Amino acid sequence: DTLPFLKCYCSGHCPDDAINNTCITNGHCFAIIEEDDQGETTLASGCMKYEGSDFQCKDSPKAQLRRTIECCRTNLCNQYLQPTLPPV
């Protein structure tokens, strides 16, 4: 089911209209860690629209760059989120 209202933290993925580094949505908040070329990693986070979220929130084991996304469904649930990479 869709969520009338969900408030999430964002970083890297903030809408143009973000305030206090937060975004609104009807789907999920996410946090993602992804690994760069020299093996450097960034964490980023934002809001995910409901439609498409069952596909985006599960992760393809076959991504060309190792990464982990996590989704949750309560206000600000992604602040303080630390997914770690799949074990090498």
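Basically, rigid core = biggest C-alpha set you can superpose within 1.5 Å across the two forms. Start at 1 with the first residue shown and count on from there.
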> Do the Cα atoms of 29-37 or those of 42-50 sit farther, on average, from the shown form in 5 other deposited structures of this protein after fitting on the core?
Replying inline: 29-37
> With the rigid core as the fit anchor, does 74-82 or 11-19 show bigger C-alpha shifts in 5 other deposited structures of this protein?
Replying inline: 74-82
>> Going by the mean C-alpha B-factor recorded in the entry, which is higher: 20-28 or 74-82?
In response: 74-82
>> Tell me which stretch, 51-59 or 36-44, has the higher mean Cα B-factor listed in the entry.
In response: 36-44
